[PDB]
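Content type PDB, C-alpha atoms, from the file query_19.pdb:
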```
ATOM      1  CA  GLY A  19    -148.945  16.765-121.102  1.00  0.00           C
ATOM      2  CA  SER A  20    -147.665  20.240-121.993  1.00  0.00           C
ATOM      3  CA  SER A  21    -148.700  22.239-125.060  1.00  0.00           C
ATOM      4  CA  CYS A  22    -146.223  24.485-126.879  1.00  0.00           C
ATOM      5  CA  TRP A  23    -147.128  26.967-129.610  1.00  0.00           C
ATOM      6  CA  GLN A  24    -145.229  29.384-131.813  1.00  0.00           C
ATOM      7  CA  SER A  25    -145.284  32.930-130.429  1.00  0.00           C
ATOM      8  CA  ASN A  26    -143.617  34.579-133.424  1.00  0.00           C
ATOM      9  CA  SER A  27    -143.136  33.835-137.139  1.00  0.00           C
ATOM     10  CA  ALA A  28    -139.803  32.242-138.079  1.00  0.00           C
ATOM     11  CA  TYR A  29    -136.543  34.143-138.553  1.00  0.00           C
ATOM     12  CA  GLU A  30    -135.499  34.046-142.217  1.00  0.00           C
ATOM     13  CA  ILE A  31    -132.241  34.350-144.117  1.00  0.00           C
ATOM     14  CA  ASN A  32    -132.152  34.822-147.879  1.00  0.00           C
ATOM     15  CA  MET A  33    -128.856  33.138-148.801  1.00  0.00           C
ATOM     16  CA  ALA A  34    -128.102  35.294-151.856  1.00  0.00           C
ATOM     17  CA  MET A  35    -124.434  34.918-152.855  1.00  0.00           C
ATOM     18  CA  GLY A  36    -124.546  36.137-156.455  1.00  0.00           C
ATOM     19  CA  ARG A  37    -122.194  34.912-159.188  1.00  0.00           C
ATOM     20  CA  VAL A  38    -119.297  32.550-158.372  1.00  0.00           C
ATOM     21  CA  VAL A  39    -116.459  31.337-160.645  1.00  0.00           C
ATOM     22  CA  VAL A  40    -114.802  28.002-159.776  1.00  0.00           C
ATOM     23  CA  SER A  41    -111.030  27.803-160.290  1.00  0.00           C
ATOM     24  CA  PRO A  42    -109.717  24.564-161.858  1.00  0.00           C
ATOM     25  CA  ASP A  43    -106.677  24.707-159.526  1.00  0.00           C
ATOM     26  CA  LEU A  44    -108.853  24.508-156.404  1.00  0.00           C
ATOM     27  CA  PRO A  45    -108.299  21.070-154.780  1.00  0.00           C
ATOM     28  CA  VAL A  46    -111.170  18.686-153.994  1.00  0.00           C
ATOM     29  CA  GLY A  47    -112.895  19.260-150.646  1.00  0.00           C
ATOM     30  CA  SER A  48    -111.755  22.891-150.346  1.00  0.00           C
ATOM     31  CA  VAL A  49    -114.076  25.917-150.068  1.00  0.00           C
ATOM     32  CA  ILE A  50    -115.078  27.628-153.318  1.00  0.00           C
ATOM     33  CA  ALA A  51    -117.097  30.375-151.637  1.00  0.00           C
ATOM     34  CA  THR A  52    -118.521  31.128-148.187  1.00  0.00           C
ATOM     35  CA  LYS A  53    -121.074  33.571-146.744  1.00  0.00           C
ATOM     36  CA  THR A  54    -122.062  34.424-143.168  1.00  0.00           C
ATOM     37  CA  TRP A  55    -125.191  36.124-141.842  1.00  0.00           C
ATOM     38  CA  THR A  56    -125.575  37.248-138.257  1.00  0.00           C
ATOM     39  CA  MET A  57    -128.714  37.450-136.117  1.00  0.00           C
ATOM     40  CA  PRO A  58    -128.594  39.905-133.219  1.00  0.00           C
ATOM     41  CA  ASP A  59    -129.252  38.543-129.726  1.00  0.00           C
ATOM     42  CA  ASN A  60    -132.954  39.085-129.278  1.00  0.00           C
ATOM     43  CA  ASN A  61    -135.702  39.392-126.676  1.00  0.00           C
ATOM     44  CA  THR A  62    -138.282  37.882-129.058  1.00  0.00           C
ATOM     45  CA  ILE A  63    -139.931  34.608-128.001  1.00  0.00           C
ATOM     46  CA  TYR A  64    -140.432  32.050-130.780  1.00  0.00           C
ATOM     47  CA  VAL A  65    -141.721  29.136-128.673  1.00  0.00           C
ATOM     48  CA  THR A  66    -143.945  29.428-125.577  1.00  0.00           C
ATOM     49  CA  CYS A  67    -145.476  26.714-123.361  1.00  0.00           C
ATOM     50  CA  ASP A  68    -147.860  26.447-120.388  1.00  0.00           C
ATOM     51  CA  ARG A  69    -145.617  24.277-118.201  1.00  0.00           C
ATOM     52  CA  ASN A  70    -141.870  23.977-117.916  1.00  0.00           C
ATOM     53  CA  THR A  71    -141.226  21.767-120.940  1.00  0.00           C
ATOM     54  CA  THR A  72    -138.227  19.811-122.237  1.00  0.00           C
ATOM     55  CA  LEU A  73    -137.988  20.374-126.012  1.00  0.00           C
ATOM     56  CA  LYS A  74    -135.971  18.785-128.813  1.00  0.00           C
ATOM     57  CA  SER A  75    -135.236  21.118-131.754  1.00  0.00           C
ATOM     58  CA  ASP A  76    -134.122  19.551-135.043  1.00  0.00           C
ATOM     59  CA  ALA A  77    -131.798  21.181-137.582  1.00  0.00           C
ATOM     60  CA  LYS A  78    -133.052  19.975-140.964  1.00  0.00           C
ATOM     61  CA  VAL A  79    -131.970  20.266-144.577  1.00  0.00           C
ATOM     62  CA  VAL A  80    -135.238  20.201-146.515  1.00  0.00           C
ATOM     63  CA  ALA A  81    -134.288  21.263-150.065  1.00  0.00           C
ATOM     64  CA  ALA A  82    -135.238  18.834-152.842  1.00  0.00           C
ATOM     65  CA  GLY A  83    -132.431  17.500-155.045  1.00  0.00           C
ATOM     66  CA  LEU A  84    -129.891  17.568-152.225  1.00  0.00           C
ATOM     67  CA  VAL A  85    -128.365  14.320-151.018  1.00  0.00           C
ATOM     68  CA  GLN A  86    -126.171  14.228-147.920  1.00  0.00           C
ATOM     69  CA  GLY A  87    -122.623  13.012-148.561  1.00  0.00           C
ATOM     70  CA  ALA A  88    -119.690  12.722-146.142  1.00  0.00           C
ATOM     71  CA  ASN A  89    -118.862  15.325-143.451  1.00  0.00           C
ATOM     72  CA  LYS A  90    -122.365  16.853-143.677  1.00  0.00           C
ATOM     73  CA  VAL A  91    -121.757  18.113-147.232  1.00  0.00           C
ATOM     74  CA  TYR A  92    -124.777  18.038-149.547  1.00  0.00           C
ATOM     75  CA  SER A  93    -124.335  17.289-153.249  1.00  0.00           C
ATOM     76  CA  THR A  94    -126.327  19.218-155.875  1.00  0.00           C
ATOM     77  CA  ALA A  95    -127.941  18.979-159.317  1.00  0.00           C
ATOM     78  CA  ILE A  96    -124.741  20.808-160.328  1.00  0.00           C
ATOM     79  CA  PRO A  97    -121.881  18.270-160.794  1.00  0.00           C
ATOM     80  CA  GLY A  98    -119.125  18.451-158.173  1.00  0.00           C
ATOM     81  CA  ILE A  99    -120.871  21.164-156.145  1.00  0.00           C
ATOM     82  CA  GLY A 100    -121.429  20.683-152.403  1.00  0.00           C
ATOM     83  CA  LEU A 101    -123.243  22.604-149.667  1.00  0.00           C
ATOM     84  CA  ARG A 102    -122.616  22.774-145.917  1.00  0.00           C
ATOM     85  CA  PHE A 103    -124.844  24.732-143.525  1.00  0.00           C
ATOM     86  CA  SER A 104    -123.570  25.646-140.071  1.00  0.00           C
ATOM     87  CA  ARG A 105    -124.566  27.792-137.104  1.00  0.00           C
ATOM     88  CA  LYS A 106    -122.121  29.293-134.615  1.00  0.00           C
ATOM     89  CA  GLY A 107    -122.799  31.113-131.336  1.00  0.00           C
ATOM     90  CA  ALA A 108    -124.269  30.049-127.999  1.00  0.00           C
ATOM     91  CA  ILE A 109    -125.801  26.980-129.693  1.00  0.00           C
ATOM     92  CA  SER A 110    -123.428  25.727-132.397  1.00  0.00           C
ATOM     93  CA  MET A 111    -124.121  22.969-134.937  1.00  0.00           C
ATOM     94  CA  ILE A 112    -123.453  21.757-138.461  1.00  0.00           C
ATOM     95  CA  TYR A 113    -126.639  20.637-140.241  1.00  0.00           C
ATOM     96  CA  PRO A 114    -128.118  18.161-139.718  1.00  0.00           C
ATOM     97  CA  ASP A 115    -128.272  17.989-135.906  1.00  0.00           C
ATOM     98  CA  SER A 116    -130.645  18.325-132.942  1.00  0.00           C
ATOM     99  CA  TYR A 117    -130.636  20.391-129.747  1.00  0.00           C
ATOM    100  CA  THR A 118    -132.377  19.673-126.439  1.00  0.00           C
ATOM    101  CA  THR A 119    -133.219  22.166-123.680  1.00  0.00           C
ATOM    102  CA  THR A 120    -135.878  22.817-121.013  1.00  0.00           C
ATOM    103  CA  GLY A 121    -138.009  25.885-120.233  1.00  0.00           C
ATOM    104  CA  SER A 122    -141.375  27.566-120.757  1.00  0.00           C
ATOM    105  CA  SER A 123    -140.226  30.395-123.038  1.00  0.00           C
ATOM    106  CA  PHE A 124    -137.696  30.032-125.861  1.00  0.00           C
ATOM    107  CA  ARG A 125    -135.586  32.676-127.599  1.00  0.00           C
ATOM    108  CA  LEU A 126    -133.192  32.326-130.525  1.00  0.00           C
ATOM    109  CA  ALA A 127    -129.620  32.785-129.331  1.00  0.00           C
ATOM    110  CA  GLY A 128    -127.736  35.476-131.245  1.00  0.00           C
ATOM    111  CA  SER A 129    -125.528  33.630-133.713  1.00  0.00           C
ATOM    112  CA  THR A 130    -123.934  33.448-137.152  1.00  0.00           C
ATOM    113  CA  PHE A 131    -125.329  31.307-139.956  1.00  0.00           C
ATOM    114  CA  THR A 132    -122.760  30.118-142.508  1.00  0.00           C
ATOM    115  CA  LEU A 133    -123.232  28.605-145.973  1.00  0.00           C
ATOM    116  CA  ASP A 134    -120.244  26.812-147.512  1.00  0.00           C
ATOM    117  CA  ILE A 135    -119.856  25.981-151.196  1.00  0.00           C
ATOM    118  CA  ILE A 136    -117.550  22.960-151.495  1.00  0.00           C
ATOM    119  CA  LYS A 137    -115.776  21.421-154.497  1.00  0.00           C
ATOM    120  CA  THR A 138    -117.096  17.818-154.524  1.00  0.00           C
ATOM    121  CA  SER A 139    -115.305  16.540-157.647  1.00  0.00           C
ATOM    122  CA  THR A 140    -112.192  17.457-159.674  1.00  0.00           C
ATOM    123  CA  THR A 141    -114.609  18.251-162.513  1.00  0.00           C
ATOM    124  CA  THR A 142    -117.234  20.917-161.718  1.00  0.00           C
ATOM    125  CA  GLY A 143    -120.337  21.863-163.726  1.00  0.00           C
ATOM    126  CA  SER A 144    -122.271  25.116-164.041  1.00  0.00           C
ATOM    127  CA  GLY A 145    -125.794  26.301-163.200  1.00  0.00           C
ATOM    128  CA  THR A 146    -128.101  28.289-160.923  1.00  0.00           C
ATOM    129  CA  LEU A 147    -129.464  26.820-157.684  1.00  0.00           C
ATOM    130  CA  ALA A 148    -133.198  26.142-157.335  1.00  0.00           C
ATOM    131  CA  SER A 149    -135.541  28.629-155.658  1.00  0.00           C
ATOM    132  CA  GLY A 150    -137.181  27.817-152.298  1.00  0.00           C
ATOM    133  CA  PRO A 151    -136.430  26.480-148.773  1.00  0.00           C
ATOM    134  CA  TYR A 152    -133.117  24.836-147.813  1.00  0.00           C
ATOM    135  CA  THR A 153    -132.806  24.900-144.019  1.00  0.00           C
ATOM    136  CA  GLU A 154    -135.397  24.459-141.264  1.00  0.00           C
ATOM    137  CA  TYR A 155    -134.734  24.582-137.530  1.00  0.00           C
ATOM    138  CA  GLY A 156    -137.294  24.114-134.766  1.00  0.00           C
ATOM    139  CA  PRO A 157    -139.039  21.808-132.263  1.00  0.00           C
ATOM    140  CA  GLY A 158    -141.463  20.128-134.678  1.00  0.00           C
ATOM    141  CA  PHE A 159    -142.073  23.507-136.329  1.00  0.00           C
ATOM    142  CA  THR A 160    -139.798  25.972-138.128  1.00  0.00           C
ATOM    143  CA  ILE A 161    -138.564  28.937-136.083  1.00  0.00           C
ATOM    144  CA  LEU A 162    -135.419  29.440-138.170  1.00  0.00           C
ATOM    145  CA  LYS A 163    -135.542  29.123-141.951  1.00  0.00           C
ATOM    146  CA  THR A 164    -132.975  29.729-144.700  1.00  0.00           C
ATOM    147  CA  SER A 165    -133.879  29.865-148.393  1.00  0.00           C
ATOM    148  CA  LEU A 166    -133.029  31.180-151.879  1.00  0.00           C
ATOM    149  CA  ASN A 167    -134.787  33.362-154.439  1.00  0.00           C
ATOM    150  CA  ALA A 168    -134.459  33.023-158.201  1.00  0.00           C
ATOM    151  CA  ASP A 169    -130.907  33.739-159.462  1.00  0.00           C
ATOM    152  CA  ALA A 170    -129.414  34.236-155.991  1.00  0.00           C
ATOM    153  CA  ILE A 171    -126.532  31.779-156.425  1.00  0.00           C
ATOM    154  CA  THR A 172    -125.022  31.148-159.870  1.00  0.00           C
ATOM    155  CA  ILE A 173    -122.026  28.805-160.145  1.00  0.00           C
ATOM    156  CA  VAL A 174    -119.960  29.169-163.319  1.00  0.00           C
ATOM    157  CA  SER A 175    -116.967  26.866-163.736  1.00  0.00           C
ATOM    158  CA  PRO A 176    -115.200  27.374-167.109  1.00  0.00           C
ATOM    159  CA  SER A 177    -115.154  24.231-169.273  1.00  0.00           C
ATOM    160  CA  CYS A 178    -112.413  22.814-171.501  1.00  0.00           C
ATOM    161  CA  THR A 179    -113.859  21.112-174.598  1.00  0.00           C
ATOM    162  CA  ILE A 180    -112.530  19.208-177.631  1.00  0.00           C
ATOM    163  CA  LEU A 181    -112.234  20.582-181.165  1.00  0.00           C
TER
END
```

As structure tokens:
Amino acid sequence: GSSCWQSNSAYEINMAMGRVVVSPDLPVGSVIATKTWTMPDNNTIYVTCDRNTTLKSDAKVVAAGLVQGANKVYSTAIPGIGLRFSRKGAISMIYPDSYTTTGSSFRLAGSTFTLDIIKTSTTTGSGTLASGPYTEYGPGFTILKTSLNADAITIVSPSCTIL
């Protein structure tokens, strides 16, 4: 059997979006905010093998406190706040998914990575998203990772209270 190792450390995207204010008029399911990062088409090899090998790469959402709902939208610890991760380019997929190809050297195809903030419920809460990993793509090991720092995405929907 073939052996495949990781020739280079993973490509990383910090998904910092800053402060976002949710409008009450925004209908359910629609986009609150979106952000797109590009990765230039590269000569760098992330996976290398000894033989010609057929590999299956999985696109994984790994962040704790995220449950997958319908249409690949992930609910949050923040009420009525959804997340959708997508990649567009030569290889295009909405997380989660998996890609299969064959070769002995493997590059990352120049592409765009897109984070979507979705309105899950008619009533939306407030808060800051947790620090750490969110996305992991690779053939049994991460070659493409997306994550957040502290205070990189703050969602503030104005509340109407009783008096």

Check what the PyMOL selection byres ((chain A and resi 82) around 12) selects in the file above and give those residues as a compact mmCIF listing (two decimals) with C-alpha atoms, in the coordinates of the input.
```txt
# COMPACT_ATOMS: atom_id res chain seq x y z
CA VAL A 79 -131.97 20.27 -144.58
CA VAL A 80 -135.24 20.20 -146.51
CA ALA A 81 -134.29 21.26 -150.06
CA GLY A 83 -132.43 17.50 -155.04
CA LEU A 84 -129.89 17.57 -152.22
CA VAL A 85 -128.36 14.32 -151.02
CA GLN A 86 -126.17 14.23 -147.92
CA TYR A 92 -124.78 18.04 -149.55
CA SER A 93 -124.34 17.29 -153.25
CA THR A 94 -126.33 19.22 -155.88
CA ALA A 95 -127.94 18.98 -159.32
CA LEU A 147 -129.46 26.82 -157.68
CA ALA A 148 -133.20 26.14 -157.34
CA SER A 149 -135.54 28.63 -155.66
CA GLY A 150 -137.18 27.82 -152.30
CA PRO A 151 -136.43 26.48 -148.77
CA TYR A 152 -133.12 24.84 -147.81
CA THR A 153 -132.81 24.90 -144.02
CA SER A 165 -133.88 29.86 -148.39
```

*Pairwise distance for CA of residue 89 in chain A and CA of residue 114 in chain A, rounded to one decimal in Å*: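 According to the coordinates, CA of residue 89 in chain A and CA of residue 114 in chain A are separated by 10.4 Å.
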
*Neighbours of point (-113.4, 28.4, -151.9) within 12 Å, using all atoms listed in the file, written as an NGL selection string*: :A and (38-53 or 99-101 or 133-138 or 173)

Report, as AutoDock Vina command-line options, the axis-aligned box around all atoms of range 156-174 of chain A present in the file, extended by 5 Å on each side; give centre and edge lengths in Å to one decimal place.
```
--center_x -131.0 --center_y 27.2 --center_z -147.8 --size_x 32.1 --size_y 24.1 --size_z 41.1
```

*Measuring atom to atom with only C-alpha atoms, identify which of A:54, A:21, A:61, A:66 is nearest to residue 132 in chain A.*
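Using only C-alpha atoms, the shortest distance to residue 132 in chain A belongs to A:54.
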
*Near residue 109 in chain A, counting all atoms listed in the file, which residues have an atom at most 10 Å away, once you skip same-chain residues fewer than 4 positions from it, shown as a ChimeraX atom specification?*
/A:105,117,126-129
